[PDB]
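J.: Pasting an experimental structure, sequence included:
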Amino acid sequence: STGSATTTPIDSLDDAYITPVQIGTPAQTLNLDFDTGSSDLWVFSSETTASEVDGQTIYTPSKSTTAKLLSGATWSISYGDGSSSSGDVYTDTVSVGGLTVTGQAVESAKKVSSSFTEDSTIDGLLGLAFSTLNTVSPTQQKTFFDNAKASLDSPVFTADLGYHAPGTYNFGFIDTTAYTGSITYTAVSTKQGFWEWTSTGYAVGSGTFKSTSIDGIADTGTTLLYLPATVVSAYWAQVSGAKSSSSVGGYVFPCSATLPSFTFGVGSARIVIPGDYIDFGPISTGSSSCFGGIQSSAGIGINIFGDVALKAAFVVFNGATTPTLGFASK
Ligand SMILES: NCc1ccc(-c2ccco2)nc1
């Protein structure tokens, strides 16, 4: 089997991407944030505290003839950005782009933090990291990908995120028309439950490539590119007037600037992030100070190749017995 679904930016900044997902019988379609940095499929639901729902589409398990309460199971997750959610668990039929998994754990939110409530466009998350990170207790549950894997034509999924445009998540096949050149594969460590890999270095603009190992995670659920402070300083030093603002919470730059590109290495290959991808717009409405898309990971404990990086590439999440990542230009 295979599946193929379009993923759409939630706003004009590509702050996140939503992908329609069919849950239950008859289908209830929710727009989920596919997150290769976590491993829970959770949804706003008829069980979510009413005051914490503001415009989201909800899953109502009582209206699904295939929903079953997973007795005794609860979940609770906190994300790196400080947001969180928790609740109970159903199993139900879940389909993405024509690929169907029966008996998928669908984690129904009883509580969500304010940032989820405040984002009407995201109806939940679909985790695509390794199932070892799944938070369901007392019996940990598998991700959609892990459940689907054996049925897929090839045990892979691909992320092809658009810049200011829709893109595609494919399951079970590699669309050889979706990228240019070749896909360079690189080793993955699953020890922390992430798609963790080591970039071979970077360049800023037309500058020389610096060969240096940068260990980080491929995370579709993180907006920005978080890298070591040395790398980030080298980037922003090329932008007149850019500075790190403690009050704003990162590097800002004059909105009048034209940003340089940023290149990262994948083995001997190079992925170029155009400068425009690094502009996250005014820090507040009407400001001429703009927020940068490359930020320091210093306070995080891990480097994160988020959407800013991934959307410059066609990315293969190879879930073979020994997982690997592939990157191609596009
Ligand atoms: N990096 C995981 C992740 C994904 C989405 C969100 C999110 C959406 C709306 C508010 O917060 N937060 C964290």
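T.: Cool, the structure landed. Residues are numbered from 1 along each chain as shown.

J.: next structured bit after the longest helix along the chain?
T.: Longest helix of the chain, by residue count under DSSP state H: helix 229-236. As assigned by DSSP states H and E, the chain's next helix or strand after helix 229-236 is strand 243-245.

J.: Distance from the chain centre to that following strand, please.
T.: 26 Å (CA atoms, centre = their mean, to the nearest Å).

J.: Can you list the helices and strands that it packs against?
T.: Packing partners of strand 243-245 (3 or more CB pairs under 8 Å, 6 or more residues apart in numbering; DSSP states H and E): strand 250-254. In this view, the C-beta of every residue, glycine as well, is placed from N, C-alpha and C.

J.: buried stuff in the strand it packs on?
T.: Neighbour-count burial for strand 250-254, counted by 16 or more other CB atoms under 10 Å, picks out 250, 251, 252, 253.

J.: Buried by neighbour count: which residues of stretch 14-33 qualify?
T.: Neighbour-count burial for stretch 14-33, counted by 16+ other CB under 10 Å, picks out 14-24, 28, 30-33.

J.: Look up how far the ligand lies from the residue lying closest to residue 275 once chain neighbours are set aside.
T.: Once flanking residues are discounted, residue 275 sits nearest to residue 259: 3.4 Å by CB to CB, 6 or more residues apart in numbering. Computed as CB to the nearest ligand atom, to the nearest Å, the residue 259 to the ligand distance reads 24 Å.

J.: show me the contacts for residue 259.
T.: Shown in contact with residue 259 (CB atoms under 8 Å, 6 or more residues apart in numbering): 239, 253, 275, 276, 278, 279.

J.: just these now: which is nearest the ligand?
T.: residue 278 (18.8 Å; CB to the nearest ligand atom).

J.: Need phi/psi at that closest one.
T.: Backbone torsions for residue 278, taken as degrees, to the nearest 10, come to phi -100, psi 0.

J.: let's have the chain start at 10 instead
T.: Shifting the count to begin at 10 puts that one at residue 287.

J.: Pretty sure it sits against residue 267.
T.: No. Using CB atoms under 8 Å as the test, residue 287 is too far from residue 267 to be in contact (10.7 Å).

J.: In terms of neighbours, single out the busier of the two.
T.: Each of residue 287 and residue 267 has its neighbours counted (other CB atoms under 10 Å); residue 287 has more, 25 against 9.

J.: tell me which parts of this protein are close to the ligand?
T.: For the chain, the residues in contact with the ligand (CB under 6 Å from any ligand atom) are 25, 42, 44, 46-47, 88-90, 92, 124-125, 128, 131, 134, 230-231.

J.: Quick one, which of those residues are buried?
T.: Among the residues of the chain next to the ligand, those classed as buried by 16+ other CB under 10 Å are 25, 42, 44, 46-47, 88, 92, 125, 128, 131, 134, 230-231.

J.: Next step: those restricted to helices.
T.: residue 125.

J.: In the buried ones among the residues of the chain next to the ligand, find the pair that's most separated.
T.: Within those, two members stand farthest from each other by CB to CB: 46 and 128, at 17.0 Å.

J.: Which positions within stretch 280-298 qualify as buried?
T.: By 16+ other CB under 10 Å, the buried positions in stretch 280-298 come out as 280, 282, 284, 286, 287, 288, 289, 292, 298.
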